[PDB]
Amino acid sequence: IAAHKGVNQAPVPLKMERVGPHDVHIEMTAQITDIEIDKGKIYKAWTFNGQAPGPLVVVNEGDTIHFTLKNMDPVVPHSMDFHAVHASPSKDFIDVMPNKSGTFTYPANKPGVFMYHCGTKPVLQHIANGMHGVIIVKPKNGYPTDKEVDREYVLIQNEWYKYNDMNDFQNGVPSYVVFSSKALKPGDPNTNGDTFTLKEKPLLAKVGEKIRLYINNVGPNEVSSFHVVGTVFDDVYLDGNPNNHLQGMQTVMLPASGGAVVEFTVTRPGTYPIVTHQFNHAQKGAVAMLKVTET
């Protein structure tokens, strides 16, 4: 796209604020930003806020979201679809034109780990170019295992294809498949979907801890066979809904857009890989590391 030649819009922080006991404002941008998805490989991503996947959103069950999208793309319209919400797609997930803003309001009444993404036709194009992310909705009554958890992180799986190539997007294998982590608390890492950052700077934990991961596979196209090497998942909640409780899974099948809360114990010091067990995808990037130490 001629109007994207040379464009590299600096990342803008997510803006969020509570405005009532059950109402939150969120303000994001749609923007065009160069991301290093593999060593030496820059993708001029279509993004929310200059991150791909986008910034993490966390709300409470029962919160109504008042969402603003500021479209900084000079020529392409963009939109937002939160899977967490009940909305009219043809009124509430509609396009915001270049250089304009739009505000939409809708309730998040279901707990879980939900995908969000741009909803602009062709959706495949907007997702594959980078406009995806996760919104967590915290359950009003928690999870039955909350008292057991020592540490938590968010991981997101996505694919990258040949740049803005709709033939490849529809008909080709992924060039890269990657994990990213999004911060839940100060000091947590916050990364983009790339083949290396979570290998080089592993997530951290202590020996004997029970770890919770909030996970979502945003696709666009692949399913995920989520596995942590050297452990077994003690508890799994499908889509992060507390009622969808499985125990003792070695690997969690995630559809495209599929989420879960998973919990596991790291019993020994060492480095623990985190993979999709579809090993072709792992080989093309989708391995993160968790470094477990005595401190």
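Counting begins at 1, following the sequence as shown.
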| query | finding |
| --- | --- |
| Selected stretch [higher average CA B-factor]: 189-197 or 137-145 | 137-145 |
| Stretch with the higher entry mean CA B-factor, where the candidates are 5-13 and 281-289 | 5-13 |
| C-alpha B-factor winner, where the candidates are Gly112, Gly130, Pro89, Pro220 | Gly112 |
| Of the residues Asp168, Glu159, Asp73, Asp81, the one carrying the largest Cα B-factor as recorded | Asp73 |
| Relative C-alpha B-factor of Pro174, binned into the chain's lowest, middle or highest third | middle |
| Entry-reported Cα temperature factor of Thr267, expressed as the chain third it lands in | highest |
| Ranked against its chain, the third holding the CA B-factor of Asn243 | highest |
| Chain third (lowest, middle, highest) by recorded CA B-factor, residue given as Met97 | highest |
| Assigned third (lowest, middle, highest) for the C-alpha B factor of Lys182 | middle |
